[PDB]
Every structure is written in C-alpha cells, then in structure tokens.
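# A look at the structure
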Amino acid sequence: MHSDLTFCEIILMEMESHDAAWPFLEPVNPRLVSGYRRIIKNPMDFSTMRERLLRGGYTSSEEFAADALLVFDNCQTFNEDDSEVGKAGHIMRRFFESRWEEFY
Ligand SMILES: CCc1c(-c2csc(CCNC)n2)[nH]c(C)c1C(C)=O
Ligand SMILES: [Mg+2]
C-alpha cells in the first residue's frame, strides 16, 4: 500500500502543478455557476483529493483513481468539449490516464 499511496502523491502533485489544472484546484462554487448543483451530484476537485490523501482516507490507489476520474467525468458532464474548462479537462484527463498507465 506504500507504493500505491506514494505514487498517488506523485501524480497528484503533478496534476496540481500542471498548466491545465487551473479549473480543478478548488471546488466549483455553485453560487457562481448556474445549474451546477442540479447537474453534478458528487463534485470533486484536486484540493479535496489533497485533503483526503493527506488525512490518509484513500485505502488503495484504486479509490484515488476513482476520485480523479470523477473530476474529469464531472468536467465532461457539465462543460462543452470546446469550452475553455472542457479543453483543460481533456488535457488533464489524458494526462492522468497517461501517468496512471505508465506505472500500473
Ligand atoms: C466554468 C466554471 C468551472 C471552473 C472554473 C472557472 S474559473 C476557475 C478559477 C478557480 N481558481 C483556481 N474555475 N472549474 C470548473 C471545474 C468549472 C465547471 C463548471 O465545471
Ligand atoms: Mg471512466
């Protein structure tokens, strides 16, 4: 489990400092985005994964992968592919699948 959680730390750090990460650093504010609360049932963002990972609330790397994927699934549910946020989500998702697969 040590190697699981430590690569989780690596990939999370790299997502946090990635150029295209700007939409996903903090929770979406439903007051600012019309219709978000109604459409996205389980919001997720990199700072929430950071909190949980630091507290140790991820038992395996698979749950960490679940939260990251949830970030990008929400992104694609709410945002147009050609929107700025959608484009950044695609760069970040491709990034994450890529970094995940070259380890596991
Ligand atoms: C379009 C709003 C949005 C942002 C957004 C736009 S601007 C910004 C600054 C955050 N501070 C680093 N976040 N992100 C996500 C995941 C959004 C949606 C609706 O899915
Ligand atoms: Mg999926």
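Residues numbered from 1 in each chain as written, not as in the entry; some residues may be left out. Chains lettered and ligands numbered in written order. Heavy atoms only, no water.

## Focus on the layout of surface pockets
We count it as follows: With a 1 Å grid spanning the protein atoms alone, the term cavity applies to any set of points in which a 1.4 Å probe fits but cannot get out, the term pocket to an open set with protein on both sides within 12 Å along at least five of seven lines, and the term lining residue to any residue with an atom within 4 Å of a point. Grid points are joined across faces, edges and corners, and a volume is the space filled by probe spheres set on the points. In this description a helix means any DSSP run of H or I spanning at least four residues, a strand means any run of E spanning at least two, and both kinds are numbered starting from the N terminus. All residues other than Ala, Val, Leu, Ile, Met, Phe, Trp, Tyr, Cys, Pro, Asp, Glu, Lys and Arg, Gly among them, are scored as polar; the first ten of these are nonpolar and the last four charged.
Of the volumes computed, that of the largest pocket is approximately 310 Å³. In this structure, the largest pocket is lined by 18 residues; those nearest its centre are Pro 23, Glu 26, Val 28, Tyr 36 and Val 85. It is helix 4 (residues 61–78) that contributes the most residues to the lining of the largest pocket, four residues altogether. Residue classes in the lining of the largest pocket are distributed as 13 nonpolar, three polar and two charged.

## What to know about the environment of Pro 27
Test applied: Remark: exposure states derive from per-residue accessible area (1.4 Å probe, protein chains only) relative to the maximum for the residue type, with buried under 20%, exposed over 50%, and partly exposed in between. We call two residues in contact whenever any of their non-hydrogen atoms come within 4.5 Å of each other.
Looking at the element boundaries, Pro 27 is found in the loop between helix 1 (2–16) and helix 2 (36–39). Residue class for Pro 27 comes out partly exposed when judged on its relative accessible area of 48%. It is 8.1 Å that separates the C-alpha atoms of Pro 27 and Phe 46, two residues lying 19 residues apart in sequence. With sequence-adjacent residues up to four places away left out, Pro 27 is seen in contact with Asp 45, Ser 47 and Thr 48.

## A word on the environment of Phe 7
With respect to the element layout, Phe 7 can be found in helix 1. With 96 residues separating them in the primary sequence, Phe 7 and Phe 103 have C-alpha atoms 8.4 Å apart. Ignoring any residue separated from it by four or fewer positions in sequence, one finds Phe 7 in contact with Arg 99, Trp 100, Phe 103 and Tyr 104.

## Things to note about the packing of aromatic side chains
Our working rule: For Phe, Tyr and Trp, rings pair up if their centres lie within 6.5 Å, where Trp contributes its six-membered ring, and each pair is then called stacked (planes under 30 degrees apart), edge-to-face (over 60) or tilted (otherwise).
Scanning the entire structure with this criterion turns up eleven aromatic pairs. With a centroid separation of 6.0 Å and an interplanar angle of 90°, the aromatic rings of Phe 24 and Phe 72 are classed as edge-to-face. Of this pair, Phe 24 sits in the loop between helix 1 and helix 2 while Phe 72 sits in helix 4, and the two are 48 residues apart along the sequence. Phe 72 shares its class with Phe 24; the two are buried. Here a set of aromatic residues connected by ring pairs shows up, and it is made of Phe 7, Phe 24, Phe 46, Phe 72, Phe 96, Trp 100, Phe 103 and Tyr 104.

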